[PDB]
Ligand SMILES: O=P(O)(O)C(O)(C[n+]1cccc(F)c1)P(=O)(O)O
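Just the one chain here, laid out as structure tokens, in the form solved without the ligand.
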């Protein structure tokens, strides 16, 4: 799936940048704004793994009768993959400002760069706008055009709703473990992460392939949101117990008063002595006050609970594919399941 197509996907980026910075090279006056847009694109859409954009391309190839896969159709697939990556970039540039993060993908967040600061708010908005310029440039005469506009807009709105929910639930600075519930956790994950990361890219490829039916989309969505829930739970687990030289990351969830899967589980599993030890330790600078939490999680066998959850979640996802994939090829879904499990 992914290895093969990546090459061609990253290489199409240069052309994405050309087209977005040259439709107004017949408008001299905005030159300097266009140069800034170029810099925003290059700094922020490049450097991740591209899993979500690639999924568009892979899914497209599995879905479209190979007969209808000319140079032009593939180019639209790469472009729409890149749109998912721009949606992503928009969210991250903006979330980094909202969180006051320092780095992203191990480099300095865009807004932290000397001379950028809160101007990054407009930069993020430009990234979002670039999605719709690409659709128009590449897809306006296709019959799925309006379907794709609506899917991207809807994906943005769900992501934003999810973000609002996260922000209400989990202010960086206010412990109130009372709001860290399971129903709320699943909610945040579904809106903030699973819709754009898992439904968006397959749905887009579905539409490019003519599969516009509400039912098919409802069916695919059911499988994909469930995958997205697992992916994020695995992210929360690995934030703390992952090997840091394996993730390339080192987690700060507990420091940041995150509504992690772990703390939800913890709060289901605690006697009151534990809750206090959690109330008094969740989310401080102090390393040893974080130690007390990682230790308490271990004392409640959350690694084992996770291991059990992952086995169950994998059988459950497989039954969902059995049940809801048709008439799409199960491979569209199984390729993603292999990637995350």
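Residue numbers count along the first chain shown, from 1. In this text, rigid core is short for the largest set of C-alphas that superpose within 1.5 Å between two forms.
Asker: 140 to 148 versus 83 to 91: which one carries the higher mean Cα B factor per the record?
Answerer: It is 140 to 148 that shows the higher mean C-alpha B-factor.
Asker: Averaged over C-alpha atoms, is the B-factor higher for 123 to 131 or for 255 to 263 in this PDB entry?
Answerer: Between 123 to 131 and 255 to 263, it is 255 to 263.
Asker: From 27, 38, 316, 49, can you pick the one with the highest C-alpha B factor in the entry?
Answerer: Comparing C-alpha B-factors across 27, 38, 316, 49, the top value belongs to 27.
Asker: According to the deposited entry, which of 210, 117, 201, 171 has the largest Cα B-factor?
Answerer: Among 210, 117, 201, 171, the PDB entry lists the largest C-alpha B-factor for 171.
Asker: Quick one: classify residue 45 as lowest, middle or highest third of the chain based on its Cα B-factor.
Answerer: For residue 45, the deposited C-alpha B-factor lands in the lowest third.
Asker: Going by the recorded CA B-factors, say which third of the chain residue 241 sits in, lowest, middle or highest.
Answerer: Residue 241: CA B-factor falls in the highest third of its chain.
Asker: Give the position of residue 66 by CA B-factor within its chain, expressed as the lowest, middle or highest third.
Answerer: Answer is highest: the recorded C-alpha B-factor places it there.
Asker: Lowest, middle or highest third: where is residue 175 by C-alpha B factor in its chain?
Answerer: Ranked within chain, residue 175 CA B lands in the highest tercile.
Asker: By the recorded C-alpha temperature factor, relative to the other modelled residues in its chain, which third is residue 31 in?
Answerer: It falls in the middle third of the chain.
We do not show the form deposited with the ligand bound, though everything after this point is about it.
Asker: Among 71 to 79, 143 to 151, 227 to 235, 173 to 181, which stretch has residues whose heavy atoms lie within 4.5 Å of the ligand in the bound PDB entry?
Answerer: Among the candidates, contact is made by 227 to 235.
Asker: Report whether the minimum heavy atom distance between residue 92 and the ligand in the bound PDB entry is within 4.5 Å.
Answerer: Yes.
Asker: Would residue 249 count as touching the ligand in the bound PDB entry under a 4.5 Å heavy atom rule?
Answerer: Yes - in the bound PDB entry, heavy atoms of residue 249 and the ligand come within 4.5 Å of each other.
Asker: If we define contact as a non-hydrogen atom of the residue within 4.5 angstroms of the partner, is residue 193 a contact of the ligand in the bound PDB entry?
Answerer: Yes, contact at 4.5 Å.
Asker: May I ask you to check whether residue 269 falls inside a 4.5 Å heavy atom distance of the ligand in the bound PDB entry?
Answerer: Close contact is absent here: in the bound PDB entry, residue 269 is far from the ligand, nothing within 4.5 Å, heavy atoms only.
Asker: Pick from 187, 163, 219, 169: which has a non-hydrogen atom within 4.5 Å of the ligand in the bound PDB entry?
Answerer: Only one listed residue qualifies here, and that residue is 163.
Asker: What residues, if any, in 97 to 129 have a non-hydrogen atom within 4.5 angstroms of the ligand in the bound PDB entry?
Answerer: The stretch 97 to 129, when checked against the ligand in the bound PDB entry, contributes 99, 104 at the 4.5 Å heavy-atom cut-off.
Asker: Which residue of 138, 237, 207, 152 is the mover here, meaning its C-alpha shifts by 2 Å or more between this form and the one not shown once both are aligned on the rigid core?
Answerer: The one that moves 2 Å or more is 237.
Asker: Taking the rigid core as reference, does the Cα of residue 270 move 2 Å or more between this form and the one not shown?
Answerer: For residue 270, whose C-alpha is compared between this form and the one not shown after core superposition, the shift is 2 Å or more.
Asker: With a threshold of 2 Å on the C-alpha, tell me if residue 246 counts as moved between this form and the one not shown once the core is superposed.
Answerer: Yes, residue 246 moves 2 Å or more.
Asker: Inspect the rigid-core superposition and answer whether the C-alpha of residue 114 shifts by 2 angstroms or more between this form and the one not shown.
Answerer: After core superposition, the C-alpha of residue 114 moves less than 2 Å between this form and the one not shown.
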